[PDB]
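Everything below belongs to coords_18.cif, which stores mmCIF, C-alpha atoms.
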```cif
data_target
#
loop_
_atom_site.label_atom_id
_atom_site.label_comp_id
_atom_site.auth_asym_id
_atom_site.auth_seq_id
_atom_site.Cartn_x
_atom_site.Cartn_y
_atom_site.Cartn_z
CA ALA A 1 89.36 -15.87 17.05
CA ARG A 2 87.29 -13.94 19.59
CA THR A 3 85.36 -14.46 22.83
CA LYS A 4 81.59 -14.55 22.68
CA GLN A 5 81.20 -11.02 24.10
CA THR A 6 83.51 -9.29 21.59
CA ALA A 7 81.23 -10.85 18.99
CA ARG A 8 78.17 -9.09 20.45
CA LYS A 9 77.18 -5.70 19.11
CA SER A 10 77.25 -2.09 20.39
CA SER B 10 70.10 -35.61 11.16
CA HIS B 11 72.08 -32.39 11.67
CA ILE B 12 72.05 -33.26 15.38
CA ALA B 13 74.24 -36.34 14.88
CA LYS B 14 77.71 -36.28 16.44
CA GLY B 15 80.36 -34.48 14.40
CA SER B 16 77.88 -32.85 12.04
CA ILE B 17 78.59 -29.21 11.20
CA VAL B 18 75.91 -26.74 12.34
CA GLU B 19 75.03 -23.12 13.03
CA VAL B 20 73.83 -21.98 16.45
CA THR B 21 72.09 -18.90 17.83
CA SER B 22 71.27 -17.32 21.18
CA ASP B 23 68.52 -15.24 22.71
CA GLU B 24 70.64 -13.40 25.27
CA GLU B 25 70.18 -9.78 24.36
CA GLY B 26 72.70 -8.51 21.90
CA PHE B 27 72.85 -11.94 20.35
CA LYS B 28 69.46 -12.40 18.80
CA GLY B 29 69.72 -12.68 15.03
CA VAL B 30 73.28 -13.98 14.94
CA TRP B 31 74.37 -17.42 13.77
CA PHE B 32 77.76 -18.85 14.72
CA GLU B 33 79.40 -21.87 13.08
CA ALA B 34 79.76 -24.85 15.41
CA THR B 35 80.32 -28.61 15.46
CA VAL B 36 78.16 -31.12 17.35
CA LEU B 37 79.92 -33.05 20.13
CA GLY B 38 76.92 -34.78 21.66
CA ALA B 39 73.16 -34.70 22.12
CA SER B 40 70.49 -35.87 24.47
CA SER B 41 68.92 -39.04 23.13
CA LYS B 45 63.06 -34.68 28.25
CA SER B 46 65.94 -32.30 27.76
CA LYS B 47 66.42 -32.39 24.00
CA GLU B 48 69.74 -30.51 24.27
CA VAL B 49 72.77 -30.37 21.99
CA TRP B 50 76.41 -30.05 23.02
CA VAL B 51 78.50 -27.99 20.58
CA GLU B 52 81.95 -26.52 20.02
CA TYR B 53 82.22 -23.17 18.22
CA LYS B 54 84.56 -22.77 15.24
CA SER B 55 85.56 -19.14 15.80
CA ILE B 56 84.32 -18.35 19.31
CA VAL B 57 86.63 -19.02 22.25
CA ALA B 58 86.06 -19.78 25.93
CA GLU B 59 87.49 -16.49 27.20
CA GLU B 60 90.43 -14.09 26.91
CA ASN B 61 93.26 -14.48 24.45
CA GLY B 62 91.80 -17.82 23.73
CA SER B 63 93.21 -21.19 23.01
CA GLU B 64 90.10 -23.22 23.73
CA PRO B 65 87.05 -23.07 21.47
CA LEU B 66 83.96 -22.30 23.46
CA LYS B 67 81.67 -25.22 24.22
CA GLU B 68 77.99 -24.77 24.92
CA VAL B 69 74.86 -26.79 25.65
CA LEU B 70 71.92 -25.32 23.75
CA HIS B 71 68.31 -26.29 23.23
CA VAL B 72 67.71 -27.95 19.86
CA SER B 73 65.68 -24.89 18.87
CA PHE B 74 68.87 -22.82 18.61
CA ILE B 75 70.64 -25.26 16.29
CA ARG B 76 70.27 -25.58 12.51
CA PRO B 77 72.34 -27.14 9.73
CA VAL B 78 74.78 -25.04 7.70
CA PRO B 79 73.03 -23.41 4.72
CA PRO B 80 74.23 -24.79 1.35
CA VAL B 81 76.95 -22.63 -0.19
CA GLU B 82 76.19 -20.96 -3.52
CA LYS B 83 78.28 -19.47 -6.30
CA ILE B 84 77.46 -15.76 -6.02
CA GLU B 85 79.00 -13.10 -8.27
CA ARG B 86 76.58 -10.28 -7.45
CA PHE B 87 73.74 -9.21 -5.17
CA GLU B 88 70.96 -6.86 -6.27
CA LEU B 89 69.58 -3.82 -4.47
CA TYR B 90 67.22 -4.70 -1.60
CA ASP B 91 68.45 -8.31 -1.50
CA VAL B 92 68.06 -9.80 1.97
CA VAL B 93 71.47 -11.02 2.95
CA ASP B 94 73.66 -12.67 5.61
CA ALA B 95 76.95 -10.89 6.31
CA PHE B 96 79.89 -12.54 8.06
CA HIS B 97 80.81 -9.95 10.68
CA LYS B 98 82.71 -10.41 13.96
CA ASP B 99 82.88 -14.16 13.32
CA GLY B 100 79.07 -14.35 13.21
CA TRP B 101 76.34 -14.27 10.57
CA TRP B 102 74.17 -11.15 10.71
CA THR B 103 71.00 -10.64 8.70
CA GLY B 104 70.52 -7.31 6.92
CA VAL B 105 69.33 -5.81 3.64
CA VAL B 106 71.34 -4.38 0.74
CA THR B 107 70.62 -0.65 0.75
CA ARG B 108 73.25 0.43 -1.78
CA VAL B 109 75.22 -1.27 -4.54
CA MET B 110 78.76 0.14 -4.52
CA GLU B 111 81.64 -0.12 -6.99
CA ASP B 112 84.31 -2.86 -7.00
CA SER B 113 81.81 -5.63 -6.16
CA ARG B 114 81.00 -4.12 -2.77
CA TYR B 115 77.69 -3.55 -0.99
CA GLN B 116 76.17 -1.51 1.80
CA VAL B 117 74.04 -3.59 4.15
CA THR B 118 71.59 -2.15 6.67
CA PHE B 119 71.10 -3.94 9.99
CA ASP B 120 68.68 -3.43 12.87
CA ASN B 121 68.82 -4.02 16.65
CA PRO B 122 70.88 -1.94 16.92
CA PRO B 123 70.40 0.11 13.71
CA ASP B 124 73.58 0.14 11.62
CA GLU B 125 75.06 0.35 8.11
CA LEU B 126 78.17 -1.59 7.08
CA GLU B 127 80.27 -2.14 3.97
CA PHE B 128 80.96 -5.67 2.74
CA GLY B 129 82.63 -7.34 -0.21
CA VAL B 130 80.79 -10.02 -2.19
CA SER B 131 82.67 -12.85 -0.45
CA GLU B 132 81.47 -11.78 3.00
CA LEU B 133 77.84 -12.21 1.95
CA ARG B 134 75.38 -15.03 1.27
CA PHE B 135 71.61 -15.20 0.73
CA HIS B 136 69.50 -15.02 3.89
CA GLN B 137 67.65 -18.26 4.58
CA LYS B 138 65.65 -19.27 7.64
CA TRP B 139 65.45 -22.91 8.63
CA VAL B 140 61.74 -23.65 8.96
CA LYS B 141 60.10 -27.09 9.19
CA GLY B 142 63.20 -28.92 7.96
CA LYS B 143 63.35 -26.67 4.91
CA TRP B 144 65.50 -23.72 3.89
CA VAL B 145 63.26 -20.72 3.28
CA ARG B 146 63.99 -17.41 1.57
CA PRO B 147 61.87 -14.39 2.59
#
```
What is this structure when it is put down as structure tokens?
Amino acid sequence: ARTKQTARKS
Amino acid sequence: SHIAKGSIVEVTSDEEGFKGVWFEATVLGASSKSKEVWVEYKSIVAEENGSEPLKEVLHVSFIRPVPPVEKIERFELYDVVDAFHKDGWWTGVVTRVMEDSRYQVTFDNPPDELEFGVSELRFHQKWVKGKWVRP
């Protein structure tokens, strides 16, 4: 439900 | 055993901004030198709007089985916890018990404080030497 980079933080 | 084809696992990365996070995945294949594991994420997608779950080939070091699920009605203050956030498991510590079965959890790298319900949390366990270990 999301790409890997919209899972990363900041 | 958790490496076997079709077995449900959790996987992590060391690319910066990813260290400390565990994503749910399913094993597709494994090397029988390389010792690699081929996996398909459950909630992470290949790119964009996303119809295809992301597939990845990771070293066996970044793969662990899924931690046993527990019946949990409440966490106590300063409990070390995993929070399901942005489709990934993040480790933090309960820094305030709120009303309505809710909790404040403090995370690091980067420093942050988030609110979670009880259902979004589980006990933090590291997979060490084929054993689940609480801190």
Find the residues around residue 7 (chain A) up to 10 Å (only C-alpha atoms counted), leave out those fewer than 3 positions away in its own chain, and share them as a short mmCIF file (atom, residue, chain, number, x, y, z; two decimals) with C-alpha atoms, in the frame of the given file.
```cif
data_model
loop_
_atom_site.label_atom_id
_atom_site.label_comp_id
_atom_site.auth_asym_id
_atom_site.auth_seq_id
_atom_site.Cartn_x
_atom_site.Cartn_y
_atom_site.Cartn_z
CA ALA A 1 89.36 -15.87 17.05
CA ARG A 2 87.29 -13.94 19.59
CA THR A 3 85.36 -14.46 22.83
CA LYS A 4 81.59 -14.55 22.68
CA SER A 10 77.25 -2.09 20.39
CA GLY B 26 72.70 -8.51 21.90
CA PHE B 27 72.85 -11.94 20.35
CA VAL B 30 73.28 -13.98 14.94
CA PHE B 32 77.76 -18.85 14.72
CA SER B 55 85.56 -19.14 15.80
CA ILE B 56 84.32 -18.35 19.31
CA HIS B 97 80.81 -9.95 10.68
CA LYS B 98 82.71 -10.41 13.96
CA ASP B 99 82.88 -14.16 13.32
CA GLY B 100 79.07 -14.35 13.21
#
```
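Shortest atom-to-atom contact with residue 119 (chain B) among B:66, B:135, B:57, B:102: B:102, counting only C-alpha atoms.
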Selection in question (the file shown): the PyMOL selection byres ((chain B and resi 93) around 9). Which residues does it include, as a ChimeraX atom specification? /B:87,90-92,94-95,102-106,117,133-137
Just to confirm, what's the straight-line distance from CA of residue 10 (chain B) to CA of residue 81 (chain B) in Å (one decimal)? 18.6 Å
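CA of residue 89 (chain B) sits 26.6 Å away from CA of residue 19 (chain B).
Residues matching the PyMOL selection byres ((chain B and resi 112) around 12) in this structure come to residues 85, 86, 109, 110, 111, 113, 114, 115, 127, 128, 129 and 130 of chain B.
The two atoms in question, CA of residue 78 (chain B) and CA of residue 33 (chain B), are spaced 7.8 Å apart.
Using all atoms listed in the file, the shortest contact distance between residue 5 (chain A) and any of B:145, B:126, B:58, B:140 is found at B:58.
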Running the PyMOL selection byres ((chain B and resi 76) around 6) on this model by hand, what would come out? Give it as a PyMOL selection string. chain B and resi 18-19+75+77
Filtering to C-alpha atoms, could you give me those residues as a PDB file, keeping the file's coordinate frame?
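Writing done, so here's selection-v4.pdb:
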```
ATOM      1  CA  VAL B  18      75.910 -26.740  12.340  1.00  0.00           C
ATOM      2  CA  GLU B  19      75.030 -23.120  13.030  1.00  0.00           C
ATOM      3  CA  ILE B  75      70.640 -25.260  16.290  1.00  0.00           C
ATOM      4  CA  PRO B  77      72.340 -27.140   9.730  1.00  0.00           C
TER       5      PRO B  77
END
```
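For the residues B:64, B:59, B:41, B:31, ranking by smallest atom-to-atom distance to chain A using only C-alpha atoms places B:59 first.
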Distance query residue 12 (chain B) at most 8 Å, all atoms listed in the file, self and fewer than 3 positions along chain excluded, as a list in words: residues 16, 36, 39 and 49 of chain B
I'd like to know which of B:14, B:138, B:54, B:146 is closest to chain A, using all atoms listed in the file. B:54
Measuring atom to atom with all atoms listed in the file, identify which of B:53, B:139, B:74, B:144 is nearest to chain A. B:53
